[PDB]
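Asks: Take this structure first; my questions come after.
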Amino acid sequence: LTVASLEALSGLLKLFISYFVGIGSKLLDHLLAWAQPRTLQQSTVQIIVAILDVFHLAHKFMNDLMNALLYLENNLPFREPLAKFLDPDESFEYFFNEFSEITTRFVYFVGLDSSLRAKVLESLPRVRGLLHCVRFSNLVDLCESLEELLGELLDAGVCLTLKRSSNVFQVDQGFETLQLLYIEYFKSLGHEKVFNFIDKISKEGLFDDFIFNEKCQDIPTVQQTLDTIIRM
């Protein structure tokens with residue numbers, strides 16, 4: 001129980017005493033700032049890094065960040081990089097650390113902090129994770145915590161499960177649903193109409209229906225899909 005007492009006493013005493021001179025204030029501030037790197041460079045990383053990093057909101061930052069980031073990122077890690085960086089590394093850290101627990105560190109570390117990393121990381125998980133459901137068993141935090149208008153608007157016009165499961169912010173749903181529904185419904189062979197109508201209707205029809213339907217545009221998808229699918 002020394003982590004809670006040491007982290008709570010050091011974070012509470014340093015946070016409550018750091019915002020209160022000459023040699024005493026400079027020696028106490030320099031001793032606390034120089035002493036926080038020894039405890040943050042290695043349970044107690046969340047309270048120590050959160051209280052120490054959020055309390056006071058050049059060789060010590062580069063040496064502690066380079067040594068802690070290189071040793072913690074190369075010795076595996078998500079709490080040190082996410083907590084120390086949240087106060088080209090995504091491709092090398094995610095690819096090198098995931099190509100050898102990888103979902104939480106890769107999704108939390110890569111999503112806690114741009115089209116190549118989001119498109120390659122978000123698109124490589126479907127084939128790399130399904131080549132051996134996906135949204136419920138994977139639960140990627142980068143798509144929900146990071147960027148959704150570019151990937152959803154650029155990729156919406158496989159996508160029904162990630163878009164419908166990850167979409168459940170009015171500019172992305174309105175612009176992506178209106179542009180994808182108008183372009184897909186006006187640019188018209190069964191894969192494009194079935195995938196666009198099922199993905200747009202299933203992804204756009206999921207408090208959002210009562211506030212967004214006040215329902216008149218649902219007769220075109222059911223009438224065109226039911227008449228075209230039943231007649232064809």
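Here the Cβ is made from the backbone with ideal geometry for all residues, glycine too, and neighbour counts use every protein chain on show. None of the figures in this text is laboratory data; all of them are computed from the coordinates on show.
Asks: With a cut-off of at least 1 residues that are of a type in the set (S, T, N, Q), name the helices (runs of 4 or more DSSP H) lying wholly within the stretch 160-232.
Replies: Those helices (runs of 4 or more DSSP H) span 170-186, 190-204, 218-231.
Asks: Still on this structure, please answer the following. Can you pull out the residues in the stretch 159-174 that are surrounded by fewer than 16 Cβ atoms within 10 Å (Cβ to Cβ) and either among the polar types (S, T, N, Q) or farther than 27 Å from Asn213 by Cβ (or both)?
Replies: Residue satisfying the conditions is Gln170 alone.
Asks: Still on this structure, please answer the following. Tell me whether the stretch 116-128 contains one or more residues that are closer than 22 Å to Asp29 by Cα and touching an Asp or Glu at 6+ places or on another chain (Cβ under 9 Å). Working first, answer last.
Replies: The initial filter retains those residues of the stretch 116-128 that are closer than 22 Å to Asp29 by Cα, namely none.
No.
Asks: Would you call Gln46 within 30 Å of the chain's Cα centre (by Cα), not acidic (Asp, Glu) and not in a helix (DSSP H, G or I)?
Replies: no
Asks: Could you pull out the residue among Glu80, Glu7 that is of a type in the set (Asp, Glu), within 31 Å of the chain's Cα centre (by Cα) and under 26 Å from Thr103 (Cα atoms)?
Replies: Only one candidate qualifies: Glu80.
Asks: When you scan the stretch 16-37, how many residues do you find that are of a type outside the set (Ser, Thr, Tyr) and either touching a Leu at 6+ places or on another chain (Cβ under 8 Å) or not in a helix (DSSP H, G or I) (or both)?
Replies: So the answer is 6.
Asks: Let me ask something else. I need every pair where a residue in the stretch 129-154 that is farther than 16 Å from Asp199 by Cα has its Cβ under 7 Å from the Cβ of a residue that is of a type in the set (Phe, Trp, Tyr), sequence separation at least 6 or different chains.
Replies: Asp141/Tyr108
Asks: Right, next: Just to verify a result, which residue in the stretch 13-72, among those that are more than 16 Å from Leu86 (Cβ to Cβ), in contact with a helix residue (DSSP H, G or I) (Cβ under 6 Å, 6 or more places away or on another chain) and of a type in the set (A, V, I, L, M), is surrounded by the most Cβ atoms within 10 Å (Cβ to Cβ)?
Replies: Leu32
Asks: How do the pairs read when you match residues in the stretch 86-97 that are surrounded by 13 or more Cβ atoms within 10 Å (Cβ to Cβ) with residues anywhere that are in a helix (DSSP H, G or I) and β-branched (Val, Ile, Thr), using Cβ under 7 Å and keeping only pairs 6 or more apart or on different chains?
Replies: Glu90/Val110; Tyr94/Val110
Asks: Which of (1) farther than 28 Å from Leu86 by Cβ; (2) surrounded by 19 or more Cβ atoms within 10 Å (Cβ to Cβ) does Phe109 not meet, given it meets every other one?
Replies: (1)
Asks: Turning to a different aspect of this structure: Has the stretch 6-14 got at least one residue that is outside any helix (DSSP H, G or I) and of a type outside the set (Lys, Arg)?
Replies: no
Asks: Hey, another quick one. Name the residues in the stretch 122-152 that are over 24 Å from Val171 (Cα atoms), in a helix (DSSP H, G or I) and in contact with a helix residue (DSSP H, G or I) (Cβ under 8 Å, 6 or more places away or on another chain), would you?
Replies: Listed by number, the residues that qualify are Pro125, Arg126, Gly129, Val134, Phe136, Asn138.
Asks: Here are the criteria: (1) over 30 Å from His30 (Cβ atoms); (2) part of a helix (DSSP H, G or I). Tell me which single one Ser100 does not satisfy.
Replies: Exception for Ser100: condition (2).
Asks: From the set of residues in the stretch 189-224 that are within 35 Å of the chain's Cα centre (by Cα) and among the polar types (S, T, N, Q), which is surrounded by the most Cβ atoms within 10 Å (Cβ to Cβ)?
Replies: If we take residues in the stretch 189-224 being within 35 Å of the chain's Cα centre (by Cα) and among the polar types (S, T, N, Q), then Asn196 is surrounded by the most Cβ atoms within 10 Å (Cβ to Cβ).
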